[PDB]
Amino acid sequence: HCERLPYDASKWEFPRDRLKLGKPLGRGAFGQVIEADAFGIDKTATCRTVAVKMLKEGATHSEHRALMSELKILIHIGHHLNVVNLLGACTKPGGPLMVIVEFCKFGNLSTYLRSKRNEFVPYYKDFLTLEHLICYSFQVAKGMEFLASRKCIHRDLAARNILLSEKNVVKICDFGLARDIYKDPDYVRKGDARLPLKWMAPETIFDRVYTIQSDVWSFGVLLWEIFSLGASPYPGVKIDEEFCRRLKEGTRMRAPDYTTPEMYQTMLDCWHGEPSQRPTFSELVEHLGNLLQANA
C-alpha cells in the first residue's frame, strides 16, 4: 500500500539541471537505469557518479505510478550499507520522474563472478577467494535482515539484483522495469506474467504467496549462484510443469563447484519445503558470521 507513503521534497528533491545523464546501465521495455554525474547531491559542491532510474518511450502513466511507489518505499526503507541507497529524486512537473541511487562500480554480481572463474583461488592480487564469497553472502544476509526489519520483502532476490561496489561491498537492488524480462531467460512465462521461477519458493509458484521466508528460499538460490561463481541455477533442467512438481516433491540442486560443506547445508536449509522451517535472515546473519570467522 505504498501509495499512502510520504514524499518529502525538501529532503529528497534534486534539480534536473544538476544531473548529467550518461550511458545506460540497464534497459527494459518501459524503464532504464542510466549512469549520471550529479553535482552536490550528497556532499556540498562535489561531483558524484550516481545511478538513475527513469522511464523509456513506451511507458505509460501506470509505470510512472510504480516508479513513484518505488521511490516512496526506498524512503521508507532508509539506509544500510548493504542496500543501494537513495540519494534523491526529480519529481517536478515538466520533466520525467527520476530516482537517484548510489553507483556501484562493478555492476551486478552474477556477471561479475562469471568473469572471475580464471581469477579465483579458494585460499593472486585481485583474485577472488572463498573468503570473498562468504563475505558477499554475509553482507546480502545483513541487507535482507535490514529489509525485513522495515517490514518489506524483495520478491526478486537473485545475483542479478546484487551489485558490487568498491572495497568488496555488495548492495541489494532491484533493476525492476530497467530489466528486459521479455528477453531475459531468467524470467519464464507463467500466465499473464514473466516470473523468476528458478528463484521462487514452491508456495510462491503454486499459491502466489510472497513472504520474507520466500525471500529466504531465493537467498538459498543466490548462495548457489555465488558458490558456483555466477552459474545459471538448475543446469540442464527445463523450467516447466515437471520442474515445479519435482520441486514440491523435494528435488534440490546439487552442491556447486566452489561451496564448502556447511555453505551447501545452508542452501538446503533455505530450501526447506516449509517456510516456517527455513532460517530467518537474522539466523543466517549469525550463521554466516560464524562461518566467516571460521574461515579466518
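In case it trips you up, residue 1 is the first one in the sequence shown, and so on. Rigid core here is just the name for the largest C-alpha set that superposes within 1.5 Å across the two forms.
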Checklist entry - What stretch shows more C-alpha movement in 6 other deposited structures of this protein relative to this form, 68-76 or 90-98, after the core is superposed? => result 90-98
Checklist entry - Rigid core superposed, root mean square over structures and residues, which stretch has C-alphas farther from this form in 6 other deposited structures of this protein, 201-209 or 167-175? => result 167-175
Item to check | Missing-residue flag, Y182, threshold a third of other entries | outcome: yes
Next on the checklist: If you look at the other compared entries where the surrounding residues are built, does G191 lack coordinates in a third or more?
Outcome noted: yes
Checklist entry - None, 1 to 3, 4 to 9, or 10 or more: how many residues of the deposited sequence lack coordinates between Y182 and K183? => result none
Next on the checklist: Mean Cα B factor from the PDB record: higher for 9-17, or higher for 280-288?
Outcome noted: 9-17
Checklist entry - If you average the CA temperature factors over each stretch, which comes out higher, 114-122 or 85-93? => result 114-122
Checklist outcome for this item: From the entry's CA B-factor values, the highest among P235, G31, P256, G230 is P235
Checklist entry - From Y136, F103, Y187, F106, can you pick the one with the highest C-alpha B factor in the entry? => result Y187
Checklist entry - By its CA B factor, does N161 count among the lowest, middle or highest third of the modelled residues in the chain? => result lowest
Checklist entry - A59's Cα B-factor: lowest, middle or highest third of the chain? => result middle
Item to check | Chain-wide C-alpha B factor ranking for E35, given as lowest, middle or highest third | outcome: middle
Checklist entry - Is the Cα B-factor recorded for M267 in the lowest, middle or highest third of its chain? => result middle
Next on the checklist: Per the entry's values, where does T211 land by CA temperature factor relative to the rest of its chain, in the lowest, middle or highest third?
Outcome noted: middle
